[PDB]
Every structure is written in structure tokens, then in C-alpha cells.
């Protein structure tokens, strides 16, 4: 007894910015739309595939009785700007500044569980953060962490949407928290700011057209999204920056600004090894360097950076990574606005190895009236 007050006490003790409680009752109100996302092809592929495991918490535990939702806030503005150099910089979502949230939160949930082991008997748990089967977002709503916006995210009054979420499924009998009075209203800002219009209106999405996805999808980024990621080479925050509830927050926790706003051409020099050493700790490193270097080439093209030309030419001639080659060929068509005869001969004189490079090459050629 007074576990709920005791938990809350040790929560804030170990850096958890908010905590909530809810039943292990299933979530079949979601079924309908989860299944419709998959059938309509609006799913990314990152989602847990088994829909049953997604809505029935007992499939993850059995002895499930309550679920404890945690939230850890993160800064969205940079404490200290990075220092101007020769090299232009891209941006990379604050969701991925500093240590990979997955590790941070799993550590916090471990501590919370160890601190509960002491104050009861027969305690049973199952921790999740992002990579688990539950809908992290809907759990935090039932637990009154915040409400789900039209942008799909969980929004708190206190810390905005700039929170990482987690869950500790458990066999404890505990008083559910309330939920929240505040919502969206007739706000619509996010819906109108999304540069792809992926958001459907009801907190639901064609994720396939989210730029956050596009920056993480493997392969060749479709033409439409290249221009639109501007210089943001990982994630998208547009639907949160445009949100009233984020209007005036700064939040607590360590950030290297050079990892948060990386210099692009030096970034393109990284190997698997140097990439691991320097970037391996952030969330955005979970698929390796290649998707990021592709994106960086795109950023350089979006900046029309004449200083990248020689590097792009090196990527193309070496051709050890075809996605990069094809992206670079495109990038030259963007950067070199008035090509000299020498450049027309360079371009005319490539004969792309593979189909994606061939495709991008044909387009530049056509654009340059070759």
C-alpha cells in the first residue's frame, strides 16, 4: 500500500519527467485502424507485425494487471550552437541528440523495476521502449501522460511532445490515473505544415510519405522527398515545431552540437569504423552510415553547394556504393546551375553501371539538353 505514491517518488528520483498508470485492459478500439493501415499500405514496416500482440497486453506477460507509462523529456532547441566552419552543416532531429533514447529509457525502467522488487513480493514485469509490441503512444494516453494530437504524437502540457516514451507492463494491482482534459480543439497547424501532407487529420498517417520515414528508408529516395528534407538528414520535426503546445518550452538533459548539426562533407568521409566511433551512440545510427550519407548528399544538393562537386565526382567514379552514386549524379544536376562544356562532357561520358544511376543520369542529361 502507497506503492503508487512510492513509485512516483522514485520515478522523479531517477530522472523520469512524467509517469502514469493504466490497466492491462486490451486496446481493441485500435484493431480497426491498425488493420486498416496495413491493408491500405500506409505502414512503414518498422511496426510490430503481429496485430494481436499489439492490442492484448497479456500476450506479452500473462500475469498482467497494470501498465506503467513513462515519459522522459528532451530538449528541442540547441543549448550551444556549433561553430561556423568552411563546411556547411545539416540538421538532424532533436529526437536523436545525445545518447540513444532506447538505452536511456531501458536503463530507467531497469532501475524502477529494481526499486519495486524491494517494496513487494512476486513482482513480475516486462519493459518496452519503441521496439516492443505495444502502441507506446496509446498506452501513454490511457495513463494520462498527455493526449494524442492530430499529428499522431503524445502531447503533455508540461513538456510538449518533446518526450521519449516507455512502458513497464506489470502484475501489480494499482489505481489507474485519470487522463487529460486538454486536446487539440480546431487547431490544424500540423496538418497544414506537413510538407508531404501525410497526416490524415485524426492522428493517423500515410507513413510511407512521412519524411521521418524517408530519411530512414533504404534504397533510393523518390524525387519528391529529396527537395523537401531540405538539410534535415534524419527525422522530421515540422509537425511539432508548428504545434502550439511546443510554443514555449525548454527541457532538461548531454549534446555534442557537431553530432546534432554535422558538417556534411566531413560526414561523407566517414567509414563504418569512424562512423561507429563518432555517431554510433545516437538513435539515428541504427541502420548505419549509408542512409545518412545518402541524405547528406541530398542536403548538399539542396544547398547548391559548389564545394561538394569534386567529392560527388569521387563518389561517382569510385562507385563502391551505387545508391550514393545515383544520388550524387542527381545532386550534380541540382548544384551545377549553368554547366560549362567541360561538365557536359563529364556527364555525357558517364555510362552508369546499374539501373538507378542510369535513371538519374538520363534525367540530368535531359535537363542539360544532352
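Residue numbers count along the first chain shown, from 1.
- Count the deposited residues lacking coordinates between residue 119 and residue 120 and you get none at all.
- The PDB entry records a higher mean C-alpha B factor for 80-88 than for its counterpart among 128-136 and 80-88.
- Between 319-327 and 334-342, it is 334-342 that carries the larger average Cα temperature factor according to the deposited entry.
- You'll see in the entry that, of 168, 260, 229, 239, the Cα B factor peaks at 168.
- Take 110, 287, 208, 273 and read off each C-alpha B-factor from the entry; 110 has the highest.
- Sort the modelled residues of the chain by CA B factor and residue 269 lands in the lowest third.
- When all modelled residues of the chain are sorted by CA temperature factor, residue 160 is found within the middle third.
- Among the modelled residues of its chain, residue 282 has a C-alpha B-factor that falls in the middle third according to the deposited record.
- In the deposited entry, the Cα temperature factor of residue 65 sits in the top third of values across the chain's modelled residues.
- Among all modelled residues in its chain, residue 311 ranks in the lowest third by Cα B-factor.
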